[PDB]
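Shown next are two forms of a single protein chain, provided one at a time as structure tokens under the names structure 1 and structure 2.
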Structure 1
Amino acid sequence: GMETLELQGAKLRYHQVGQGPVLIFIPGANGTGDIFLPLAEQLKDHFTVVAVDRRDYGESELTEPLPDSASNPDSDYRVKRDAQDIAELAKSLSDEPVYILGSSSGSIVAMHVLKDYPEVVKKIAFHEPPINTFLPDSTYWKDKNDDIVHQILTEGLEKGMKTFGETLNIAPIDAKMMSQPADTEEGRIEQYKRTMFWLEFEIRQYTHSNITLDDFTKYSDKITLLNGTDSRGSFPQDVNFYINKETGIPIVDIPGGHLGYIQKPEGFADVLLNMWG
């Protein structure tokens, strides 16, 4: 069982083991304090060992969404909020300044605790910090971090989606429109996030969901299949051809390609009005 400290925007969960002065361990990229529990066992007759799940990880829980801007690479919201969490935790557990150790990005949180809340620090240890900002070659290291994130979060998708368009023989006009970069960096961040979400949570689950031809035949009088005139040869049209061949449900051709409703709204509307008006 873990302890809870309720703070602005999160329930902060932590392990607490031992007796003595408070010693707070701040984890790095794993984000959870359980990685310190073997160490806590070694220290528990000397310190009250406090091993934190930082608020975005483990058994901690946000009570309010992150700011939209947190995905921006120069946001400082999260590191400042993590540092304030440690300061409030220290104050909640001790009337004296406490001992603090962070490792990896947890040591960067520790630096911000010292910077913004020196009053809670008795002694502090930075174990293998990967901060580059004050290095004489900061640019070199910053750009490497930026580029490897960009590779995983945006470039893998870009290359895979081009192949996927070929698999499905998507028309070039649709591929260009579906991949057209937004005109702001924030808009582009959001575009890539949305595609990464659709990849993980939508494409497989929806395209192999439990629909049978029998589901259509029960209500065939209500159904129209639509094929774009500018997306001939693409996989979705083959799906409609199969439905039609097996069920007789009609195919209506409609202007534009996969994105025809915004490519050719007037012609698209004219067909819908013919169908249903």
Structure 2
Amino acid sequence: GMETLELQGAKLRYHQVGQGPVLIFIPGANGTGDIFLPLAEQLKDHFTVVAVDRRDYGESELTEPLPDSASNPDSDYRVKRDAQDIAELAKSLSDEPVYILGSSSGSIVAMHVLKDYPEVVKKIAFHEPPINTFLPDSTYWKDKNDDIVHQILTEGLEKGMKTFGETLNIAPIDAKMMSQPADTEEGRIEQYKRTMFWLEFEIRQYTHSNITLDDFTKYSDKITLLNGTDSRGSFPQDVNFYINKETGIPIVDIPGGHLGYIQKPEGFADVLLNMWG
């Protein structure tokens, strides 16, 4: 089983194995203490090894939502919160100061532990830290860092709905508006989760729904098949062409492309109104 320390705002889960003085390992960008278990196995005879799931990852769970300003690139809430987690964890296990090793972003947490709770630090190791703040060329790296983040949020969205549109033969215009990044940071990540949910839970399950031609001839007099006039050649229109030629349901051409209801709202209306109004 996995150990639990209940602290302010989170249930902190850790692995613990061995005998002796306490050795705490703080994980980097992966964030889970399991990456240290093959290391713990070697040291188990000489230290009580503690490998923590930092509070936002793995078996740890938040009992309170992250403060809203945590998304601000400048916030320091999470890194101080993680360091207090480690100090509180050391105090729960040992009456003397403990050994601490951090790697990558975990060594940055380790830097904040020494700075703010040195009383728990007997000895400490910083393994390959990527912090840039004190470097004479800090600005160069901080700006490089902000650039790739903003890139990835924007480029990840459009890269998926392109190979897709390209195999479905949709108009480039149409893929653009569909994978148009939102005008905001949270709205970019907002849109980003939807797009993943749509991938895993919608596209495969719906395009292979159990629908047959008998589901079109049954009430075929109630149906209309709509093709946009800007998006000829796309896979969706070939579907309509097949339904039409096997069932006799008419195809009505309607302005705009695959998003014609919002591309040409007035023309879409006029066709709908002529159809049903």
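We call the rigid core the largest set of C-alpha positions that still match within 1.5 Å between the two forms. One-based numbering along structure 1's sequence throughout.
- Picking from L157, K245, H46, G233, the hinge for the rigid motion between the two structures turns out to be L157.
- Once the larger rigid part is held fixed by C-alpha superposition between the two structures, the smaller part shows a rotation of 23 degrees.
- Core-based superposition between the two structures puts the Cα shift at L259 at 13.5 Å.
- At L153, the distance the Cα travels between the two structures is 1.9 Å after the core is superposed.
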